[PDB]
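Asks: Please find one structure pasted underneath; my questions will follow.
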Amino acid sequence: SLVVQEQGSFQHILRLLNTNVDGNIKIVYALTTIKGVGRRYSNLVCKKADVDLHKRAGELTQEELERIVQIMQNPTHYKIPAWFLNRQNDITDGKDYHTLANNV
Amino acid sequence: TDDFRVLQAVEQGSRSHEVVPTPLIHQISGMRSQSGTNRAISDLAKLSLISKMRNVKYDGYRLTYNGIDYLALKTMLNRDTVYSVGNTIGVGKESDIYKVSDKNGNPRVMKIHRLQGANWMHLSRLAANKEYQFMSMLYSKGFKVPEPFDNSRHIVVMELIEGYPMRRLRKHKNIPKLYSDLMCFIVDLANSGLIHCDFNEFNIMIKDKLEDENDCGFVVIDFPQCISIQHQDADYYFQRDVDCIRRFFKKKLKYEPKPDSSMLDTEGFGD
Amino acid sequence: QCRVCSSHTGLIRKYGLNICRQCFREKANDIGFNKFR
Amino acid sequence: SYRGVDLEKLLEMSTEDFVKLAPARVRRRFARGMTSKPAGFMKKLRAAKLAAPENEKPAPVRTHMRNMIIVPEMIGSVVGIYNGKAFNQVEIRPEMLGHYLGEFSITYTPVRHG
Amino acid sequence: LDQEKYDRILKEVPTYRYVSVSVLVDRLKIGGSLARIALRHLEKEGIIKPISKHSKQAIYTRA
RNA sequence: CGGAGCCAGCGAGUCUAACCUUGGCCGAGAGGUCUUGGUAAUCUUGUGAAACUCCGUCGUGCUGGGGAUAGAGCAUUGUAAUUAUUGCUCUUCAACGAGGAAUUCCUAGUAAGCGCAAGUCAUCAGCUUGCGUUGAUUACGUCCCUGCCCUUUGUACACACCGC
C-alpha cells in the first residue's frame with residue numbers, strides 16, 4: 001500500500017489497565033498480552049470501537065485506548081452479547097462478567 | 001541349607017560337560033533315592049527352571065534363565081544381601097533393573113543380565129563381571145558413581161540413589177561452575193585415558209542434598225560407550241561430549257562459555 | 001448379545017446376525033461368503 | 001445467594017422455579033423426568049426434618065440417590081450420603097445448591113506414594 | 001524516525017539488481033510485513049519492476 | 001491465520017419402526033422447528049471429504065507455532081453425564097527450539113502426507129478395516145550383521161587317566 005511514514009510520535013511500550021502492552025504488534029495481538037483478553041475478544045472490541053487493526057499499537061491514540069477501556073467495563077452495552085464473555089450466568093450475582101487481567 | 005546345597009551341587013554339575021543328562025543330575029547330587037532327584041527335577045521343570053532335550057537315545061536337561069537366580073540369591077544369602085524381590089524401574093537391553101530390599105530393609109537395585117545352555121548364562125556372567133570391575137576402577141580412581149554391593153555371578157546388586165535426570169532440571173543458580181564442572185570432568189576422563197561418548201542429558205544424574213550448604217554430587221552411567229583415547233575416533237567423541245554440554249547449556253541453561261573449552265590436542269598433554 | 005447359542009466370544013455384532021467367529025465359520029457355508037481370493 | 005437471591009426466598013421455592021434459576025444441566029435433567037420413589041423419600045426427609053429439635057441439627061437421613069440435584073427444599077438437613085460402602089453425614093448448606101449428592105461423599109481411600 | 005528509514009529504500013533498491021520479499025527485509029531497518037507495502041509502493045513509483053508475483057514471494061528488478 | 005475455487009471412491013440406510021436425510025425458517029454456534037425423498041445404480045449422492053490451487057494478514061520473535069491444563073455458561077443422546085459421555089461460545093496459553101542409549105517398517109502409485117466410508121456405535125476415537133486425492137528419495141546387490149534353515153562329514157574319549 002502507501003507507505004505512511006511518521007516522524008517519531010509512537011511510544012515503544014504503552015501501559016493500559018495496569019498492564020504493559022508492547023506498542024509494536026497489531027492492536028489485537030498487543031492487547032492479547034493482558035490476561036482475560038484473547039485474540040477474538042480484542043478483535044471484536046476494536047471492531048466495536050472501529051479501530052484499524054492493520055495499524056500497529058504504536059500508531060494508536062489514547063482516545064482509542066479510552067474507547068477500548070469503555071468497552072472493557074461495558075461489553076454488554078456495546079452490542080457484544082452474553083456468549084462472548086468470560087463468566088456468563090454467575091452464582092454470586094447472576095450476571096455476565098468478563099474478568100479482566102489484574103482483577104482475577 | 002541342604003536343598004540349596006544340592007542345588008549348588010547341580011550348579012556345579014553344569015561346569016563339567018555340555019547339556020547335562022538325567023543320571024548326571026542323579027549322581028552329582030549324590031542323594032539317597034529316585035525320590036529327591038526326580039521330584040526336584042520335576043519341581044524345576046514345572047517352574048520352568050529346567051527343560052528336557054531328548055536327542056535320539058539321549059535324555060538331557062536344559063537349564064533356562066529361571067532356575068539360576070535362586071542360587072544367586074543363595075550366593076547373596078551368603079553375602080548378607082537382598083531378602084525381598086521385585087519393583088520394575090527400567091527394562092534395559094543387556095539388563096533388567098529392579099528395586100529390591102534386604103533383610104535390613106534398605107531398598108537396592110537388582111540388575112539381572114540376560115545376554116541357550118551355557119552361553120546366555122556365561123555371557124551374562126562376563127558382562128556382570130566386566131561392569132563390576134569397571135565400577136571398581138571408577139570408584140578406585142575416585143569417580144562419583146554408585147557404590148557396588150555385589151555381582152552375584154550374573155546379577156549385579158547395587159545401591160539406590162535419589163536422583164532425577166537433567167531433562168527435567170530447569171537450571172541451578174551456579175550455572176558457570178556447573179559448566180566448569182562438566183568441562184573439568186571430561187578433562188578428568190581424558191586424564192583417565194577414556195572418553196565417554198554418550199555424555200548426554202539422560203546420563204548425568206544429580207543428587208540434591210540441601211539449598212544452603214551445597215554439598216552434592218553426580219552420577220555418570222555410560223558403561224558400553226567408554227572408549228580409550230588410543231582408538232581411531234576419540235577426537236570428535238571428546239568434542240561431542242564437550243559440545244553436547246555446551247549446546248545443552250546454550251539451549252536449556254542459556255549459558256555460553258567465556259573460557260574456551262578443552263580440545264583433544266589440549267588434553268593430549270594430560271595422562 | 002448372542003441370541004443363538006450363548007456364544008458372546010467374537011460376535012460378527014454387525015447386522016444383528018450375532019454369531020461368534022467360531023460358529024460363524026461353522027455356518028459360513030450356509031450364507032455364501034466363501035473363499036475366492 | 002444462588003442467583004443473587006436471598007436465602008429464605010430461595011428456601012420456599014419449588015423445584016420448577018429452581019429449574020427456572022438453574023444451569024443447562026439441571027434444566028435438561030429435570031425436563032426429562034424424575035422417579036416416583038424420591039417423592040416418598042422427600043416425604044421421609046421432611047418427616048425427619050419434623051423430628052428435629054429447636055436450635056439444633058435435624059435427624060440425619062441416609063441417601064443412595066447421589067445424582068439428585070440439591071433443590072432448596074433440602075437445605076439444612078443432615079444427610080448421610082452413601083459412597084458405595086458407607087454413609088457420610090453432611091449438613092446441607094445454601095452453598096451446596098445445584099449440585100449432585102454424589103459430589104459430597106468420597107468413594108475411595110486416597111493413594112499415598114511419597 | 002520517518003526520514004531516516006524510508007529513503008534508504010530509495011538508495012538501496014536501485015543499487016540491488018535483485019529486489020524481492022526477503023532480500024529487502026535483510027537491511028535490518030524494517031519488518032517483514034511493511035516491506036511488501038514498500039514493494040507495492042515502488043511498483044507504483046516505478047523503481048521496482050515486476051518479474052513475477054505470488055502471494056508469498058514476489059520477484060522484482062531495479063530501475 | 002483471513003478469504004475465495006470446490007476434486008473422488010468404497011460403503012450404508014428405516015416395518016410392523018424413528019434409519020439415512022434433501023429443502024425451508026430460527027439460533028453466534030451447538031442445535032432446534034416444519035416437512036419431503038429413498039427399503040435403494042433412483043433419495044441422501046455429484047456424499048461440492050481432507051490434503052490441494054490462488055490472493056491477502058503475519059514477520060522469526062516458546063511468535064500470530066503449539067494446545068496441554070483450568071474457569072464460565074449454553075445445547076444434544078442417554079432413566080441416571082458426578083471422577084466432567086459429548087457438541088458449541090469466550091477466556092486461562094504449560095512443557096516442547098528436530099530429540100539419547102537403543103528400536104520399527106519399506107521398492108511404484110509402494111512409501112509418506114491426507115481425509116472419507118463401514119464395524120465396534122445409546123454419545124464420542126487417539127480402536128480396527130476398506131476407500132479414494134496428492135505423491136518422493138533410492139536398491140533391484142549381499143549373505144557382511146541378524147537369524148532361519150538346507151546339507152557335507154572330521155566324530156561320540158561309546159563314558160579313559162588323573163591330580164581333587
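Residue names in the C-alpha cells use chain letters A, B, ... in the order shown, residue numbers from 1 in each chain, and ligand numbers from 1 in the order shown.
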Can you write out as JSON lines which residues of chain C fall within 12 Å of chain F, alongside each residue's closest atom pair and its distance in Å to one decimal, counting only C-alpha atoms (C1' of nucleotides) and ordering rows by chain and ascending residue number?
Replies:
{"residue": "C:10", "atom": "CA", "partner": "F:120", "partner_atom": "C1'", "distance": 11.4}
{"residue": "C:11", "atom": "CA", "partner": "F:120", "partner_atom": "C1'", "distance": 10.5}
{"residue": "C:12", "atom": "CA", "partner": "F:119", "partner_atom": "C1'", "distance": 9.0}
{"residue": "C:13", "atom": "CA", "partner": "F:120", "partner_atom": "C1'", "distance": 7.8}
{"residue": "C:14", "atom": "CA", "partner": "F:119", "partner_atom": "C1'", "distance": 6.3}
{"residue": "C:15", "atom": "CA", "partner": "F:119", "partner_atom": "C1'", "distance": 9.4}
{"residue": "C:16", "atom": "CA", "partner": "F:119", "partner_atom": "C1'", "distance": 11.6}
Asks: Quote the spacing between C1' of residue 31 (chain F) and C1' of residue 2 (chain F) in Å to one decimal place.
Replies: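 Computing it gives 26.3 Å between the two atoms.
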Asks: What does the structure give for the distance between CA of residue 271 (chain B) and CA of residue 220 (chain B), in Å to one decimal?
Replies: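 We find that CA of residue 271 (chain B) and CA of residue 220 (chain B) lie 20.6 Å from each other.
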Asks: For residue 184 (chain B), work out the shell of residues within 9 Å, counting only C-alpha atoms (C1' of nucleotides) and skipping chain neighbours fewer than 5 positions away, then give it as a ChimeraX atom specification.
Replies: /B:179,189,262
Asks: Okay, now the selection with C-alpha atoms, as an mmCIF file, in the first residue's frame?
Replies:
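Now in selection_6.cif:
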data_model
loop_
_atom_site.group_PDB
_atom_site.id
_atom_site.type_symbol
_atom_site.label_atom_id
_atom_site.label_comp_id
_atom_site.auth_asym_id
_atom_site.auth_seq_id
_atom_site.Cartn_x
_atom_site.Cartn_y
_atom_site.Cartn_z
ATOM 1 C CA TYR B 179 29.832 -25.673 33.171
ATOM 2 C CA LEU B 189 38.095 -38.534 31.815
ATOM 3 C CA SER B 262 39.381 -28.006 26.012
#
Asks: Please tabulate, as a tab-separated table, the residues of chain A that come within 7 Å of chain D, each with its closest pair of atoms and the distance in Å to one decimal, counting only C-alpha atoms and ordering rows by chain, then residue number upward.
Replies:
residue	atom	partner	partner_atom	distance
A:90	CA	D:3	CA	6.9
A:91	CA	D:3	CA	5.0
A:92	CA	D:4	CA	5.8
A:93	CA	D:4	CA	4.4
A:94	CA	D:3	CA	4.3
Asks: Write the residues you've just listed into a file as a short mmCIF file (atom, residue, chain, number, x, y, z; two decimals), in the first residue's frame, and include N, CA, C and O atoms for each of them.
Replies:
data_model
loop_
_atom_site.label_atom_id
_atom_site.label_comp_id
_atom_site.auth_asym_id
_atom_site.auth_seq_id
_atom_site.Cartn_x
_atom_site.Cartn_y
_atom_site.Cartn_z
N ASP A 90 -23.50 -16.05 36.44
CA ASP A 90 -22.80 -16.30 37.69
C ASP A 90 -23.74 -16.81 38.78
O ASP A 90 -24.96 -16.84 38.63
N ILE A 91 -23.13 -17.24 39.88
CA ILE A 91 -23.86 -17.80 41.01
C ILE A 91 -23.91 -16.75 42.12
O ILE A 91 -24.89 -16.65 42.87
N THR A 92 -22.85 -15.94 42.21
CA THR A 92 -22.81 -14.89 43.23
C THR A 92 -23.80 -13.78 42.91
O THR A 92 -24.54 -13.33 43.80
N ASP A 93 -23.86 -13.34 41.66
CA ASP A 93 -24.71 -12.23 41.26
C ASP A 93 -25.77 -12.60 40.24
O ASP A 93 -26.81 -11.94 40.19
N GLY A 94 -25.55 -13.64 39.43
CA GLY A 94 -26.49 -13.97 38.37
C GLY A 94 -26.29 -13.21 37.08
O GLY A 94 -27.15 -13.28 36.20
#
Asks: Show me which bits of chain A are within 10 Å of chain F, counting only C-alpha atoms (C1' of nucleotides), as a compact mmCIF listing (two decimals) with C-alpha atoms, in the first residue's frame.
Replies:
# COMPACT_ATOMS: atom_id res chain seq x y z
CA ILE A 25 2.41 -5.58 17.40
CA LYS A 26 -1.04 -5.29 15.82
CA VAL A 28 -5.36 -7.21 18.62
CA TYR A 29 -2.15 -9.08 19.38
CA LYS A 35 -4.87 -11.55 30.96
CA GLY A 36 -8.57 -12.22 30.45
CA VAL A 37 -8.28 -10.92 26.86
CA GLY A 38 -7.52 -13.13 23.88
CA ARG A 39 -7.37 -12.72 20.11
CA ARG A 40 -11.05 -12.59 19.11
CA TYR A 41 -12.00 -10.56 22.21
CA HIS A 54 -3.87 -3.47 10.45
CA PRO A 81 -23.85 -10.25 23.94
CA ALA A 82 -23.52 -12.85 26.65
CA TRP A 83 -21.92 -15.71 24.66
CA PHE A 84 -18.68 -13.78 24.15
CA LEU A 85 -17.77 -13.05 27.80
CA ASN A 86 -15.81 -14.97 30.44
CA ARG A 87 -18.18 -15.53 33.38
CA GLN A 88 -21.69 -15.92 31.98
CA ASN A 89 -24.62 -16.57 34.37
CA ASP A 90 -22.80 -16.30 37.69
CA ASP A 96 -22.38 -11.92 32.98
CA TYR A 97 -18.80 -10.90 33.82
CA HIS A 98 -15.71 -10.55 31.68
CA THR A 99 -12.98 -11.00 34.28
CA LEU A 100 -10.16 -8.60 33.41
Asks: Near chain F, which residues of chain E fall within 9 Å when you count only C-alpha atoms (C1' of nucleotides), and what do they look like as a PyMOL selection string?
Replies: chain E and resi 31-33+54-55
Asks: Run DSSP on the backbone and grab whatever in chain D lands in strand (DSSP E); send it over as a PDB file with N, CA and C atoms, in the first residue's frame.
Replies:
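Okay, this is what ended up in result.pdb:
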ATOM      1  N   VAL D  61     -30.632 -38.247  57.550  1.00  0.00           N
ATOM      2  CA  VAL D  61     -31.309 -39.181  56.658  1.00  0.00           C
ATOM      3  C   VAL D  61     -30.263 -39.758  55.719  1.00  0.00           C
ATOM      4  N   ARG D  62     -30.213 -41.082  55.628  1.00  0.00           N
ATOM      5  CA  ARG D  62     -29.249 -41.734  54.757  1.00  0.00           C
ATOM      6  C   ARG D  62     -29.787 -41.787  53.333  1.00  0.00           C
ATOM      7  N   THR D  63     -28.887 -41.652  52.364  1.00  0.00           N
ATOM      8  CA  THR D  63     -29.267 -41.454  50.974  1.00  0.00           C
ATOM      9  C   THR D  63     -28.374 -42.300  50.077  1.00  0.00           C
ATOM     10  N   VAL D  78     -29.331 -32.861  57.694  1.00  0.00           N
ATOM     11  CA  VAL D  78     -28.100 -33.619  57.879  1.00  0.00           C
ATOM     12  C   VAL D  78     -28.276 -34.942  57.143  1.00  0.00           C
ATOM     13  N   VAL D  79     -27.515 -35.126  56.068  1.00  0.00           N
ATOM     14  CA  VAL D  79     -27.727 -36.208  55.115  1.00  0.00           C
ATOM     15  C   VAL D  79     -26.494 -37.101  55.105  1.00  0.00           C
ATOM     16  N   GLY D  80     -26.701 -38.399  55.315  1.00  0.00           N
ATOM     17  CA  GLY D  80     -25.638 -39.373  55.175  1.00  0.00           C
ATOM     18  C   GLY D  80     -25.608 -39.991  53.792  1.00  0.00           C
ATOM     19  N   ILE D  81     -24.740 -39.476  52.936  1.00  0.00           N
ATOM     20  CA  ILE D  81     -24.657 -39.918  51.549  1.00  0.00           C
ATOM     21  C   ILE D  81     -23.858 -41.213  51.491  1.00  0.00           C
ATOM     22  N   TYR D  82     -24.314 -42.160  50.671  1.00  0.00           N
ATOM     23  CA  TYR D  82     -23.689 -43.471  50.561  1.00  0.00           C
ATOM     24  C   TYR D  82     -22.671 -43.451  49.429  1.00  0.00           C
ATOM     25  N   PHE D  87     -21.926 -44.428  54.842  1.00  0.00           N
ATOM     26  CA  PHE D  87     -22.686 -43.188  54.845  1.00  0.00           C
ATOM     27  C   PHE D  87     -21.865 -42.076  55.487  1.00  0.00           C
ATOM     28  N   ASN D  88     -21.934 -40.885  54.898  1.00  0.00           N
ATOM     29  CA  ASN D  88     -21.203 -39.718  55.382  1.00  0.00           C
ATOM     30  C   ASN D  88     -22.191 -38.582  55.590  1.00  0.00           C
ATOM     31  N   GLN D  89     -22.292 -38.093  56.823  1.00  0.00           N
ATOM     32  CA  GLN D  89     -23.336 -37.147  57.198  1.00  0.00           C
ATOM     33  C   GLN D  89     -22.817 -35.715  57.109  1.00  0.00           C
ATOM     34  N   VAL D  90     -23.417 -34.932  56.211  1.00  0.00           N
ATOM     35  CA  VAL D  90     -23.076 -33.533  55.975  1.00  0.00           C
ATOM     36  C   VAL D  90     -24.354 -32.709  56.112  1.00  0.00           C
ATOM     37  N   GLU D  91     -24.248 -31.540  56.744  1.00  0.00           N
ATOM     38  CA  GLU D  91     -25.339 -30.572  56.746  1.00  0.00           C
ATOM     39  C   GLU D  91     -25.443 -29.903  55.381  1.00  0.00           C
TER      40      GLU D  91
END
Asks: May I have the residues of chain A within 7 Å of chain E, counting only C-alpha atoms, written as a PyMOL selection string?
Replies: chain A and resi 1-3+5-8
Asks: Output N, CA and C atoms for every residue in that selection, as a short mmCIF file (atom, residue, chain, number, x, y, z; two decimals), in the first residue's frame.
Replies:
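Printed below is selection.cif as written:
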data_model
loop_
_atom_site.label_atom_id
_atom_site.label_comp_id
_atom_site.auth_asym_id
_atom_site.auth_seq_id
_atom_site.Cartn_x
_atom_site.Cartn_y
_atom_site.Cartn_z
N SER A 1 0.83 -1.20 0.00
CA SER A 1 0.00 0.00 0.00
C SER A 1 0.86 1.26 0.00
N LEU A 2 0.29 2.36 0.46
CA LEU A 2 1.01 3.62 0.59
C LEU A 2 1.83 3.59 1.87
N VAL A 3 3.12 3.88 1.76
CA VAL A 3 4.00 3.88 2.93
C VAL A 3 3.72 5.19 3.67
N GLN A 5 4.51 7.33 6.59
CA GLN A 5 5.65 7.42 7.48
C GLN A 5 5.42 8.52 8.52
N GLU A 6 5.80 8.23 9.76
CA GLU A 6 5.53 9.10 10.89
C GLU A 6 6.84 9.52 11.54
N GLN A 7 6.98 10.82 11.77
CA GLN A 7 8.20 11.38 12.37
C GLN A 7 8.14 11.14 13.87
N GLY A 8 8.57 9.95 14.27
CA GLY A 8 8.51 9.57 15.67
C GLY A 8 7.07 9.34 16.08
#
Asks: Which residues, written as number ranges by chain, have at least one atom at most 10 Å from residue 236 (chain B), with only C-alpha atoms (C1' of nucleotides) counted and residues fewer than 5 positions away on the same chain left out?
Replies: B: 197, 241-243, 263-264
Asks: Figure out the distance between CA of residue 34 (chain A) and CA of residue 22 (chain A), please, to one decimal in Å.
Replies: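 Pair CA of residue 22 (chain A) / CA of residue 34 (chain A) returns 10.4 Å.
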Asks: For residue 4 (chain C), find every residue with an atom within 10 Å (counting only C-alpha atoms (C1' of nucleotides)), except residues of its own chain fewer than 5 positions away, and show them as a tab-separated table (two decimals) with C-alpha atoms, in the first residue's frame.
Replies:
chain	number	residue	atom	x	y	z
C	17	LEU	CA	-26.99	-61.82	12.94
C	18	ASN	CA	-24.73	-62.14	16.01
C	19	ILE	CA	-22.80	-65.39	15.54
C	20	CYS	CA	-19.42	-65.94	17.16
Asks: Would you mind listing, for every residue of chain F within 12 Å of chain D, the two atoms forming the shortest contact and the distance between them in Å to one decimal, using only C-alpha atoms (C1' of nucleotides), sorted by chain and ascending residue number, as a tab-separated table?
Replies:
residue	atom	partner	partner_atom	distance
F:72	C1'	D:23	CA	11.3
F:73	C1'	D:23	CA	7.8
F:74	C1'	D:24	CA	6.7
F:75	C1'	D:24	CA	8.0
F:76	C1'	D:28	CA	10.3
F:78	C1'	D:32	CA	10.7
F:79	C1'	D:34	CA	8.2
F:80	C1'	D:67	CA	7.0
F:81	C1'	D:25	CA	9.1
F:82	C1'	D:102	CA	5.7
F:83	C1'	D:103	CA	9.6
F:84	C1'	D:103	CA	11.6
Asks: Going by DSSP on the backbone, which residues of chain E come out as helix (DSSP H, G or I)? List them as number ranges by chain.
Replies: E: 6-15, 25-27, 34-45
Asks: Give me, as a PDB file with N, CA and C atoms (P, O5', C5', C4', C3', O3' and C1' of nucleotides), in the first residue's frame, the residues of chain F touching chain B, with the criterion being at most 9 Å (counting only C-alpha atoms (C1' of nucleotides)).
Replies:
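Output (part31.pdb):
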ATOM      1  P     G F  97      12.980 -29.343  23.597  1.00  0.00           P
ATOM      2  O5'   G F  97      13.502 -28.607  22.295  1.00  0.00           O
ATOM      3  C5'   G F  97      13.162 -27.253  22.036  1.00  0.00           C
ATOM      4  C4'   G F  97      13.512 -26.899  20.620  1.00  0.00           C
ATOM      5  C3'   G F  97      15.008 -26.821  20.335  1.00  0.00           C
ATOM      6  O3'   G F  97      15.316 -27.565  19.163  1.00  0.00           O
ATOM      7  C1'   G F  97      13.923 -24.747  19.773  1.00  0.00           C
ATOM      8  P     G F 100      18.638 -38.735  19.163  1.00  0.00           P
ATOM      9  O5'   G F 100      19.575 -39.625  20.089  1.00  0.00           O
ATOM     10  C5'   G F 100      20.781 -39.101  20.617  1.00  0.00           C
ATOM     11  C4'   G F 100      21.107 -39.720  21.951  1.00  0.00           C
ATOM     12  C3'   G F 100      21.072 -41.237  22.012  1.00  0.00           C
ATOM     13  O3'   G F 100      22.247 -41.839  21.496  1.00  0.00           O
ATOM     14  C1'   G F 100      19.985 -40.323  23.908  1.00  0.00           C
ATOM     15  P     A F 101      22.137 -43.095  20.500  1.00  0.00           P
ATOM     16  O5'   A F 101      22.427 -44.360  21.423  1.00  0.00           O
ATOM     17  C5'   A F 101      23.568 -44.414  22.268  1.00  0.00           C
ATOM     18  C4'   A F 101      23.255 -45.132  23.554  1.00  0.00           C
ATOM     19  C3'   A F 101      22.724 -46.549  23.406  1.00  0.00           C
ATOM     20  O3'   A F 101      23.751 -47.508  23.232  1.00  0.00           O
ATOM     21  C1'   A F 101      21.307 -45.342  24.849  1.00  0.00           C
ATOM     22  P     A F 102      23.784 -48.411  21.905  1.00  0.00           P
ATOM     23  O5'   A F 102      22.588 -49.440  22.118  1.00  0.00           O
ATOM     24  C5'   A F 102      21.698 -49.759  21.060  1.00  0.00           C
ATOM     25  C4'   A F 102      20.272 -49.781  21.539  1.00  0.00           C
ATOM     26  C3'   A F 102      19.226 -50.123  20.494  1.00  0.00           C
ATOM     27  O3'   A F 102      19.108 -51.512  20.252  1.00  0.00           O
ATOM     28  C1'   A F 102      18.534 -48.213  21.669  1.00  0.00           C
TER      29        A F 102
END
